[PDB]
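[1] Task: produce atomic coordinates for the following.
(chains A, B, C, D, E and F)
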Amino acid sequence: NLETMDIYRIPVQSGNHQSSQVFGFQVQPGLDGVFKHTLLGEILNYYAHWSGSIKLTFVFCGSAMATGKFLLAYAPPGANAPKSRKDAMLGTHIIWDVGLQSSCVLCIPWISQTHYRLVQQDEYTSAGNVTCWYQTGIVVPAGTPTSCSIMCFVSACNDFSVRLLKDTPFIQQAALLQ
Amino acid sequence: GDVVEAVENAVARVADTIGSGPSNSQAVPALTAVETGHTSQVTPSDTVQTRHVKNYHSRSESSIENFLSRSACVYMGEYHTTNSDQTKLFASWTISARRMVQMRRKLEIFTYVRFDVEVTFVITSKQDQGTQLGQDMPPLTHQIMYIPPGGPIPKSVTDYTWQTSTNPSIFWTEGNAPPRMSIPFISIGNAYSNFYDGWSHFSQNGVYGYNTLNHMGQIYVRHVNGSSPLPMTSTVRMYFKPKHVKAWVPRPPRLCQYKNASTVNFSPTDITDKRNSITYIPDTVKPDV
Amino acid sequence: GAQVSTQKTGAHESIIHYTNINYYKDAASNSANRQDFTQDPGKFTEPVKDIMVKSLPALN
Amino acid sequence: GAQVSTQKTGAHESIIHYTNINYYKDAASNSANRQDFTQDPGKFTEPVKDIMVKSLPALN
Amino acid sequence: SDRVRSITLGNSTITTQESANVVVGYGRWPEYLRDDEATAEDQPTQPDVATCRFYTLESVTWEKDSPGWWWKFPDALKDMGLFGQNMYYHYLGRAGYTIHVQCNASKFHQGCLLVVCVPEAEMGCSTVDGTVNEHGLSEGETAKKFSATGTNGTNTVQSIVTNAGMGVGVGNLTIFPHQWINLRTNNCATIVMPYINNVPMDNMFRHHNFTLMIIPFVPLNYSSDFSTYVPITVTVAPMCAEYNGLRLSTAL
Amino acid sequence: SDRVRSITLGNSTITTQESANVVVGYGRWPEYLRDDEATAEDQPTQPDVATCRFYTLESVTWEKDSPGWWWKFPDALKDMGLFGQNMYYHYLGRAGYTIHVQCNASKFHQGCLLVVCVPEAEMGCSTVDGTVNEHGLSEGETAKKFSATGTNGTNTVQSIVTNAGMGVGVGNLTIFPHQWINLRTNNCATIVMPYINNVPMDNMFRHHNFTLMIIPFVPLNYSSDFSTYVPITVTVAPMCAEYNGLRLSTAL
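    Numbers count the residues shown, from 1 in each chain, chains lettered A, B, ... in the order given. Now the structure:
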C-alpha cells in the first residue's frame, strides 16, 4: 500500500468481527512509520525533543444508512498492547457512535515521567499505544455496501511544543546541482 | 511589531491543563465534522478527567526566525592557484539556495519568504599532490566579487573587471576569521517566491518555474597572489543565515528526493515505511523474547 | 543610545538582562529577532466563516 | 545597563569594587556566581524532629 | 438535537448521536454513604478515578431468534482493573453505576430490546425442588442466556424468557428502571442506578445487588441488507465506589 | 519521658517506651506533588489509608558475627497489600516513608547498629568487569546480606561491609539520614524519608529510590544471658502515595 491511496484507509465491516481488533499503533509521533511523514511528524523531525497532547480525529466514510459503535483506546506505557477489548477498555478511551457527526476525536493526554520525550523515541521515553475495537458491530440495511473505510487525522493540541533544533533524516544528496 | 529589530519581550507559553471532573450532558466536544475543513480544538480536559497543570513550556525555538536563522552551506566550489586551463583559476556560480538540500527543504516549507541574509564564507586551500613538494608560498589572499545581473563578467584571473569600481568585493587573507556580510531583501517583488506555477513567456511557454523568477546575479572568486611554484587548490564554501524573516502560505515538506536544481521534478516515492499488519505493535516488556 | 531587554531564562526557577547598541547604518546589519513570539493558528486550523463552537454538534 | 558590586577583599585591613555588563542573550553565557555565600548545615547536622537543646540531657 | 450526548468518568468518555434520554434510578443519583447512615467505623477508601470509570464487557450477538441475556452485578466487574482489586481486598463495598447498552443497526433493520436493571433479582431453579448454582446465576462478564423454552437441569436457572427467571410476567418488568432500544429510533440505552439494598454497605461477592437484563420483545429482522451481524455491547461505570474492612485478598 | 512515643497511619499504630528521637529526611516531611512541579497530566489516585500504613517485613536474626543487611525500596513493598497493587497497575508512582527499625535486648546485652537510608544506592559488581543482577540487588522482603570478606560471583554485589557495596568508607555513611540503635540506650530507630529523585515521579519497579542498610558497628554480645536470640524487625509505612498512568497490570 506504500504507493496507493489505501495506506490511508482503515477497513471496517458488517457482520460478527468483535474478536478482530480494527487497528493499533505505537504513539511515536516523530519515529514510527504511521506518523513520521505526517504534517506533525515532518515538523517533529527538525527537533530532538517534544511534549504535549495529541489529537486523533476519526472520520467514518460509509453510507449514511450504515451504523455502529467503536471503542478507541489509549494505553500509557508499562504493559504490552491490549490483546482484547476487555484489556483495552481499562485505559483511556471514548466510545464513538457513528451518526450525523461523521467524526470523533480521541485526545491523547500527555502522561509522562518526564516533561519531554525524544522525537527519536526510546523505551525510556515510551508513550504507549492506541488500539481500536468494535464496541457493537457495523449494522447495515439491504442495498448498501457491507464494508467501508474509516480515516484518521492527527494534530497537536495547544499544550504542544518542541525543542533542540537538528537536521532531518529525511532529505539527502550525493552531489551538488542538488 | 517591527520585524527588522534585534530585541522584543514576551514569553511564548503553551496552554495550562484546566482541571476537569465528571460530566453527563448534551455537550459533545469529541464529536465534530471534519468535512467543514476545520481542525478540532479539543484538549485533554474535554474527554478525560484531568488535574490542573501550570505549564511553563514555551515555543521559542519553533518561531520562524529561530528555525531558519542558522547558517547553512548553500554552495561549494574549487579553483586553482595555477593551471593551464585559465578557467580553473577562478570559481563562479549563480546565486540560489537550490543546490544543497538541507537549506532548500527548510525554505520550501513556505511558499513565499522575505528576509535579509547574513552571508559567511569558509575558504580553505590545500597543496596539490606531486613529486616535488617543497616551496615557501606566502599567505594566500582571495577576492570574492558579486556581479549583479547585467554587469561585465570576468574572463580570466586578470580581467579588468576585477577592478570592482562598483561591484561589491571582499578581499580576505587565510588564517583570519571567515569573511562575512549582510545583504538586504533584494527582490524585485514583495517577497522571494519559492515556487512559481508559471512561465517566462506570455504564450505559456519558455522556461517553467522557479528559474524565471531568480536572476540575482552571480559570484566570482579568485586568488590575488596569483602564482605558486607548485600547484595548489582552494575550496570556497558559502553559507546563508536568513535573518529578519517573514513567511507565507506553508506547504507540505518535500517528500521525494530532489532531482535537480531547476525543477521541482521527482520520482514516485513511498508515502511512508511499511509495517507487518495494521495491528502490529511490537512487544517490549517481556523477560526478553 | 542603547536598548536593554531581558535574556531568555536558563538553569534556575535583574542580572537576567542584556544591553545592545547598533553600530551600522542599515537595518539589514542588525542581529536576528529571536525574541519575538507571536502566533495565530487560526489562519490554518479553523478558516471557516460561521464560527464552530464545538461542544455543539457542528452540523444538524 | 550595568551592575556594580564589591570585590573580594585582599592584602589590607570605594576602589574596592568592579563593574560588569552582560553582552549575551542567554543566562548560560554569564560568568560564575562566586560571590553567593549562603549556608544551612541543619539539613544534615541535626535533622531530628523534636528540637535538641543540648545543654540538657538529650534523653531522660 | 437532544439525541446527541457525551459522558465522562475518569479517563473515559462515551458519546452517542442517537440517544433517547437517560434514566435515573428511582429518581436517585448515586451518593457516598453519610455519617448518619453508617455503621462500619473504619475510614473508607474512595479510589475515585482509578475505579469510577467505563469498563466495557465482552459483546453479544443479536440473532433473529435470541431470547435474551443477563448479567449479575457487583460480580461481573470483579476482574475489571482496580474496581475488581478493591473488591477482593475489602469485606464491604458500595457503589452506584452508569450503564450504557450500545446497539446500532440501519434505517432498514428493525427490532426492539427492553433494557432493565432489576434490583435483587432472585432466580428460580429449573429443577423445581432443587437449588441453583452460582454458575447457573452468573458467568462474570460473558452473560447468561435466557431461553425460549422451559429448561431442565439441576442448578441452572429456569430461564424461559417469558417468566424472566423470577416467576413473573416478563412484560411487567417495566416497574424497574429501564429504557427500550427500538432500532428505528434509538441506538443505545443509558441507566444510572443508585446503590439499593436494606443495609448501608455489603459484601460484593456474596450478594448480587441487581441484574441487567436485555430481552428482545420484537425480533431482529432485515432483507438482502448485507448486515446480518448486529452486536450488542454493555459498558458500565461504577460511581462513588467506597470500601471498608481491608484485609488479605479473597480466595478465587 | 521523651523515650515514650506512638505513631498512627491508617489502621495501624506503633509504640516505643525507649526511642531516641525521630529523624526527618533532610529536614523534609513528605508532601504530595504540587501543580507547579508536575508533568504527568492525568488525575492521580491517592488511596490514602488503604496504602499509607505500616507494613512489617520478615525479621532477621542478629548474630554475634552478622556483617549487616539491606533492602532496596520502592521494590520490597511490591507485594504489600494495596500499596503493591497500585504499583503493578500504574506506570508512575511517588511516595515518602516512615521507617521504623525495632530491636530490643536487655540491660545485660550490648551492641550497636547503624540504620541508614541511602538515596540512589547504586551498587558495584563482585566481578569487577561484569554487571549486577536484579537478584544480586534485592530480594523483595527478606534482605540481602553484607559480607565480612570480598565476594566473587558474577551478578552479585561486591558486598564487603567495609565498602557498603558502593566503593566508599562505610564509616562515612552518616551524611545520609540515619539513627543508631545502641542497645544500652535505645531499642528502635525511626526515620521519615521524603520522596527524593531528579524527576517529580517515577516508575516503581525500574528504579530503587533508596536503600535501607542495617550494619552492626559494635557486635552483639552477652553472657549466660539465656537470650541469644536477638531479632531485628523492619516496619515501614508509605506516606502520601500517589499514582499516575493507569493501565493493565505489569508482568511479574
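[2] quick one: the helix or strand in which residue E:236 is found to chain centroid distance?
    Using DSSP states H and E, the element containing residue E:236 is strand E:230-246. The chain centroid and the centroid of strand E:230-246 are separated by 9 Å, computed with CA atoms, centre = their mean, to the nearest Å.
[3] Which residue does chain C have closest to chain A?
    Chain A sits closest to residue C:59 of chain C, with a gap of 5.4 Å, by CB to the nearest CB. For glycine as for every other residue, the C-beta is placed from the backbone atoms N, C-alpha and C.
[4] Which residue is the nearest non-sequential neighbour of that residue?
    Nearest residue to residue C:59, sequence neighbours excluded (CB to CB, 6 or more residues apart in numbering or on different chains): residue B:33, at 5.0 Å.
[5] check contacts around that neighbour.
    A:101, A:102, A:103, C:57, C:58, C:59 (CB atoms under 8 Å, 6 or more residues apart in numbering or on different chains).
[6] quick one: furthest residue from the center of chain C?
    Ranked by distance from the centre of chain C (CA atoms, centre = their mean), the top residue is residue C:60, with 38.7 Å.
[7] Next, the contact list for that residue, please.
    Counted by CB under 8 Å, 6+ apart, residue C:60 has contacts A:100, E:1, E:4.
[8] which parts of the stretch 51-200 of chain E sit against chain B?
    Residues of the stretch 51-200 of chain E lying close to chain B by CB under 8 Å from any CB of the partner chain are E:52, E:98, E:192.
[9] secondary structure element for the last one?
    In this case it means residue E:192. Assigned by DSSP H and E, residue E:192 belongs to strand E:188-193.
[10] for the second one, same thing?
    When secondary structure is defined by DSSP H and E, residue E:98 falls within strand E:90-102.
[11] Could you identify the helix or strand that succeeds that strand?
    strand E:110-119.
[12] which secondary structure elements does that following strand contact?
    Counting contacts by 3 or more CB pairs under 8 Å, 6 or more residues apart in numbering or on different chains; DSSP states H and E, strand E:110-119 packs against strand E:90-102, strand E:178-182, strand E:188-193, strand E:210-221.
[13] measure the residue of chain C closest to chain A to residue E:30 for me?
    Note on residue C:59: its distance to residue E:30, by CB to CB, to the nearest Å, is 34 Å.
[14] how about the lengthiest helix in chain A, does it get close to chain B?
    Counting by DSSP state H, the longest helix found in chain A is helix A:39-44. Yes: interface with chain B: helix A:39-44 contributes A:39, A:42, A:43 (CB under 8 Å from any CB).
[15] For the residue nearest to the last one when sequence neighbours are not counted, which residues count as its bridge partners?
    Nearest-residue entry for residue A:43: residue A:162, 7.3 Å, with adjacent residues in sequence omitted and distances by CB to CB, 6+ apart. Taking DSSP bridges, one obtains residue A:50 as the residues bridged to residue A:162.
[16] Tell me, how many residues neighbour residue A:162?
    When neighbours are counted by other CB atoms under 10 Å in any protein chain shown, residue A:162 registers 24.
[17] same question, the one 4 residues further on
    The burial metric for residue A:166, expressed as a neighbour count using other CB under 10 Å, is 12.
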